[PDB]
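Novice: pasting the first bit of my complex, frame unchanged:
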Amino acid sequence: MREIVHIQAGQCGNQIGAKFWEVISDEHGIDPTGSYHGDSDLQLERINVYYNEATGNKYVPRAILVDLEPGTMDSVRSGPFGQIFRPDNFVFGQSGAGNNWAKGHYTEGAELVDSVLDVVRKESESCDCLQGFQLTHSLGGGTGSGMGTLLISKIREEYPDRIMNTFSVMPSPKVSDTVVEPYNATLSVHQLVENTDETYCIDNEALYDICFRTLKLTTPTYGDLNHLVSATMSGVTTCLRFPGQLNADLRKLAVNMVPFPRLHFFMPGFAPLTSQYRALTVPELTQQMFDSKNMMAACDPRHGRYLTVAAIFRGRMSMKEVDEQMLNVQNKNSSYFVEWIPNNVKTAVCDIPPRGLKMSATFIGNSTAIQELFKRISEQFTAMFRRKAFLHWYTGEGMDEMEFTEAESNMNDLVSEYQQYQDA
């Protein structure tokens, strides 16, 4: 019956995790108390994938809230749908991880991780058939980045044949907490390459630009950025939450998206970008969602090639028109799909749209231009690490320079692995 266990970790993790659950609890008819008050019953067919059944059969998310400080988490639970979350599923330390990967992965996080795996175990033991885990987190902080990849190291150990799937927010100098972010993120990516099956790369650069250039928000807030993420995340997961000709689970998704096991970082895109009264026509949905301006990862798809693509349209619309338009975008732009993976673009449609939009289209691209993101983070990293700058924050927690060059190395390789398939 194919559940996912959702884990949100850190400040960014739990803020984005929080909106995602209100966004889709609205989509499933669940109120802030956990009680279902929807019209359809398609709202309840795949409900079990994200929600456990409850009291007078209310619905609690299958979510685990993780942090090394309580601040964000108190904020979540005193926020809107903060009541729906199982209070036992609030696992938190007190010291924080100081924007420090090592504190999350080796010291502070190490102390807390066992308590989290107790909650993952009780959430997952109550699963007739669990299919995988999805983790939300940033990679530039300490908790979501350092502890989050520790958690994945552990979940992989206890559950080696489940899918591990993350939504990962990349640091960008444009929208930065601290200067050590490329360090934290290079170290997280070394982990993600090994221990996840699929990672959606949400770049904070791109969310800023969409907010500024497109949505016309002069100075965007983190809430404005997480508006775009909770809409993409709702989008990316509608197949798992709603029934269709597609019997969509994490493993089938990974099987068709990932040709080579390391190359599993996806460029999400969304259309329309909203912060609106004419529904977009299908020809625009598909022109927009493939436009670089609607990508969440801040890489130009025309700078690389799509290994694989997965698109979904939400609303009631011409199933033939999306077929036609989808097939048409491939031939206007066949230079940008790989000749050696036949039929590498797959398209689903859902009759139920997101709140407020009558027609929406979400895009998932395994493009070799995602390399730009890692090239970007790698330049920044080297820029500091050549002068060994800010390293004391990490050597103070047991880490050695060697661990750093290995992480620099594994990511420069991943960039080579991506360039070689751009040339084929």
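Specialist: Noted; the coordinates are in hand. Numbering: from 1, shown residues only, chains lettered A, B, ... in the order given.
Novice: packing partners for the lengthiest helix in chain A?
Specialist: The longest helix of chain A (DSSP state H) is helix A:401-422. In terms of contacts (3 or more Cβ pairs under 8 Å, 6 or more residues apart in numbering; DSSP states H and E), helix A:401-422 is packed against helix A:181-195, helix A:371-385. C-beta here means a position set from N, CA and C on the backbone, and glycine is covered the same way.
Novice: redo that, cut-off 10 Å
Specialist: The helices and strands touching helix A:401-422, judged by 3 or more Cβ pairs under 10 Å, 6 or more residues apart in numbering; DSSP states H and E, are helix A:181-195, strand A:306-314, strand A:360-367, helix A:371-385, helix A:392-395.
Novice: Give me whichever of the ones you listed is most buried.
Specialist: Neighbour counts (mean count of other Cβ atoms under 10 Å) averaged over each of those peak at strand A:360-367, with a mean of 27.
Novice: so that strand versus helix A:401-422, what angle?
Specialist: Relative orientation of strand A:360-367 versus helix A:401-422 (axes from the mean of the first three to the mean of the last three Cα atoms, to 10 degrees): 100 degrees.
Novice: Would you pull up how far strand A:360-367 lies from the middle of the chain?
Specialist: 12 Å (Cα atoms, centre = their mean, to the nearest Å).
Novice: Next one: the closest residue to residue A:337 other than its chain neighbours from residue A:334, what distance?
Specialist: Among residues not flanking residue A:337 along the chain, residue A:306 sits closest, at 4.8 Å (Cβ to Cβ, 6 or more residues apart in numbering). Separation of residue A:306 from residue A:334 (Cβ to Cβ, to the nearest Å): 10 Å.
Novice: Now the most centrally placed residue in chain A: phi and psi?
Specialist: Centroid-nearest residue in chain A, with Cα atoms, centre = their mean: residue A:167, separated by 1.8 Å. Main-chain dihedrals, residue A:167, degrees, to the nearest 10: phi -100, psi 110.
Novice: Would you agree it is in contact with residue A:13?
Specialist: Yes - the pair residue A:167 / residue A:13 is scored as a contact, 8.6 Å apart, by Cβ atoms under 10 Å.
Novice: intersection of neighbour lists for those two?
Specialist: By the contact definition Cβ atoms under 10 Å, 6 or more residues apart in numbering, residue A:167 and residue A:13 are jointly contacted by A:135-138.
Novice: most surrounded residue in those residues?
Specialist: residue A:137 (32 neighbours; other Cβ atoms under 10 Å).
Novice: thought that one was touching residue A:191?
Specialist: No - shown here, residue A:137 and residue A:191 do not form a contact pair, counting by Cβ under 10 Å, at 11.2 Å.
Novice: onto the same structure, chain B please:
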Amino acid sequence: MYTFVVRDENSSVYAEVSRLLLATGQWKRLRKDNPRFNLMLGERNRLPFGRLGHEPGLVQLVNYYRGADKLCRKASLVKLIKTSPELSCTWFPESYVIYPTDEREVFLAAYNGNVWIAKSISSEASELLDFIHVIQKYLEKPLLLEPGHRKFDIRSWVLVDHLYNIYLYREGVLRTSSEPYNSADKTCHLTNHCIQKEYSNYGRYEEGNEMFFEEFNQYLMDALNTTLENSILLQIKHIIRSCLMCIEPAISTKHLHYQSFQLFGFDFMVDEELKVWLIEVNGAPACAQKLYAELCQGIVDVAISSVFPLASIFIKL
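Specialist: Same chains as before, plus chain B:
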């Protein structure tokens, strides 16, 4: 907006239409192996017809007719004129087929002149078979034109679109062996650019030997009181209609998942009663230099844009 691959590079003719297509701002050459194409300019042979018409949302068309080799290799060709009812046939030279299918006493009952032509030349039915391959009769007396006693050879270019309209190009070429022609000595017996571009003086009695149609008609009027239309072209159009309509129910792409056009070169000969004869049907023909521009454009109008619209020089048969 239209796409097309090119999979025969040294195709003299189609190299040029690939030029013309790009030069309209409405056609894009993809790489050979890109499958999402509108139009294939396929390879000479082993053209993978079985992989066309299978890309959803793609109208696909190729510049070749699967099965047309049966007309274009003298083995299958000869075979076609005897096996098929629609070909009885008073314009093809009498013919058989030998292997180093197989029936050879065929070649005997007719032997009481007796001269034949060796390639796939002699009067001796023995030295030939040392090749150990089609081998048949040489017109011991052709029409021979003057001033200069030049034994010639006519090539016509025929286009067949996806609808199987048969289009004769109005410009034929006449490739003459402008030098003398004797008996028995194997030079003017063969008239084109294979024994006269190597062995055999490459344009004596005019420009490169190569009479086009306007002149040959004027000669015929002056030399014979007839026209090219009446003496020859009627017979040519009859030959072309008859071959291509024999094989039509075997190669027609009317109700199948892709579609075909193709350009053929027909090679004819004349005698003095101005009887026209058919030698070979060329399936990949090159054009005459002065005509490339006009024929290669006519291919696009009738065979390519008739199926892919945008924003005569042929005689329909």
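Novice: try what packs on helix A:401-422 again now we have chain B.
Specialist: Under the contact criterion of 3 or more Cβ pairs under 10 Å, 6 or more residues apart in numbering or on different chains; DSSP states H and E, helix A:401-422 touches helix A:181-195, strand A:306-314, strand A:360-367, helix A:371-385, helix A:392-395.
Novice: Residue A:231 - that's part of a helix, no?
Specialist: Yes - secondary structure of residue A:231 (DSSP: H, G, I helix; E, B strand; the rest coil): part of a helix.
Novice: show me the contacts for the closest residue to chain B within chain A.
Specialist: Closest approach between chain A and chain B, counting by Cβ to the nearest Cβ: residue A:327, at 3.7 Å. By Cβ atoms under 10 Å, 6 or more residues apart in numbering or on different chains, the residues touching residue A:327 are A:286, A:345, A:347, B:36, B:55-58.
Novice: so can I have TSV of the helices and strands packed on helix A:401-422 showing distance to chain B?
Specialist: Shown next, in TSV, are these (distance: least, Cβ to the nearest Cβ, whole Å):
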stretch	distance to chain B
helix A:181-195	31
strand A:306-314	13
strand A:360-367	18
helix A:371-385	22
helix A:392-395	48
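Novice: Tell me which residues of stretch A:194-203 come out buried.
Specialist: A:195-203 (16 or more other Cβ atoms under 10 Å in any protein chain shown).
Novice: for stretch A:400-418, same thing?
Specialist: In stretch A:400-418, counting by 16+ other Cβ under 10 Å, buried: A:403-404, A:407-408, A:410-412, A:414-415, A:418.
Novice: now swap in stretch A:320-333 and tell me
Specialist: A:322, A:324-327, A:329-331.
Novice: and if you look at stretch A:113-131?
Specialist: Those would be A:113, A:116-117, A:119-120, A:123-124, A:127, A:130-131, for stretch A:113-131 by 16+ other Cβ under 10 Å.
Novice: Tell me the buried residues within the contacts of residue A:327.
Specialist: A:286, A:345, A:347, B:36, B:55, B:58.
Novice: Kindly reformat the residues you listed as CSV containing secondary structure and distance to residue A:394.
Specialist: Listed next are these as CSV, based on DSSP: H, G, I helix; E, B strand; the rest coil; distance: Cβ to Cβ, whole Å:
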residue, secondary structure, distance to residue A:394
A:286, helix, 45
A:345, strand, 42
A:347, strand, 45
B:36, coil, 49
B:55, coil, 53
B:58, coil, 55
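Novice: Please identify which of these is nearest to residue B:309.
Specialist: residue B:58 (16.0 Å; Cβ to Cβ).
Novice: ok, the closest one to residue B:30 distance?
Specialist: 12 Å.
Novice: Give the residues shared as contacts by those two.
Specialist: A:331, B:3, B:36-38.
Novice: can you map out the helices along the stretch 151-300 of chain A?
Specialist: Per DSSP state H, counting those that start in this stretch, the stretch 151-300 of chain A carries helices over the ranges A:181-195, A:204-209, A:222-236, A:238-241, A:250-257, A:282-289.
Novice: here's chain C, drop it onto the model above:
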Amino acid sequence: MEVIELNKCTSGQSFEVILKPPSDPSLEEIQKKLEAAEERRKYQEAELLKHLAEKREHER
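Specialist: Okay, here's chain C dropped in alongside the others:
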């Protein structure tokens, strides 16, 4: 064009027209192959738990 072997009945008919005439692996061996697949699976799972265990050593 010659007809052969016509059979009628209540349901209908069948016949043949002619227009011209002419001119195993045993179980134990899949037992091997199939269990030889389960062992390279568990070799792969072992070498995974081995690297995870090395990672705990580094963590520690």
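Novice: try what packs on helix A:401-422 again now we have chain C.
Specialist: Helix A:401-422 sits against helix A:181-195, strand A:306-314, strand A:360-367, helix A:371-385, helix A:392-395, with contacts defined as 3+ Cβ pairs under 10 Å, 6+ apart.
Novice: still on that earlier bit, which ones are touching the residue nearest to the centre of chain A?
Specialist: By Cβ under 10 Å, 6+ apart, residue A:167 lies in contact with A:6, A:8, A:12-13, A:16-17, A:20, A:134-138, A:198-202, A:229, A:232-233, A:236-237, A:268, A:296.
Novice: hmm, 8 Å instead?
Specialist: By Cβ atoms under 8 Å, 6 or more residues apart in numbering or on different chains, residue A:167 lies in contact with A:16, A:134-137, A:199-200, A:202, A:229, A:233.
Novice: picking up where we left off before, so the longest helix of chain A versus helix A:371-385, what angle?
Specialist: Counting by the same axes, to 10 degrees, helix A:401-422 lies at 150 degrees to helix A:371-385.
Novice: what angle sits between helix A:401-422 and strand A:306-314?
Specialist: Using the same axes, to 10 degrees: helix A:401-422 against strand A:306-314 is 80 degrees.
Novice: from the chain's centre, how far out does helix A:401-422 sit?
Specialist: The chain centroid and the centroid of helix A:401-422 are separated by 21 Å under Cα atoms, centre = their mean.
Novice: before we move on, back to that, can I get the helices and strands packed on helix A:401-422 in CSV including distance to chain C?
Specialist: Formatted as CSV, these follow (distance: least, Cβ to the nearest Cβ, whole Å):
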stretch, distance to chain C
helix A:181-195, 9
strand A:306-314, 24
strand A:360-367, 24
helix A:371-385, 20
helix A:392-395, 14
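Novice: could you dump the ones you listed to a markdown table with distance to residue A:277?
Specialist: As requested, the helices and strands packed on helix A:401-422 are exported to a markdown table (distance: least, Cβ to Cβ, whole Å):
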| stretch | distance to residue A:277 |
| --- | --- |
| helix A:181-195 | 39 |
| strand A:306-314 | 17 |
| strand A:360-367 | 14 |
| helix A:371-385 | 35 |
| helix A:392-395 | 50 |
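Novice: for those, which one sits closest to residue A:29?
Specialist: The nearest among the helices and strands packed on helix A:401-422, by Cβ to Cβ, is strand A:306-314 at 16.2 Å.
Novice: Check which helices and strands that closest one is in contact with.
Specialist: Under the contact definition 3 or more Cβ pairs under 8 Å, 6 or more residues apart in numbering or on different chains; DSSP states H and E, strand A:306-314 sits against helix A:238-241, helix A:250-257, helix A:282-289, strand A:345-350, strand A:360-367.
Novice: ok, now with 6 Å
Specialist: Contacts defined by 3 or more Cβ pairs under 6 Å, 6 or more residues apart in numbering or on different chains; DSSP states H and E place strand A:306-314 against strand A:345-350, strand A:360-367.
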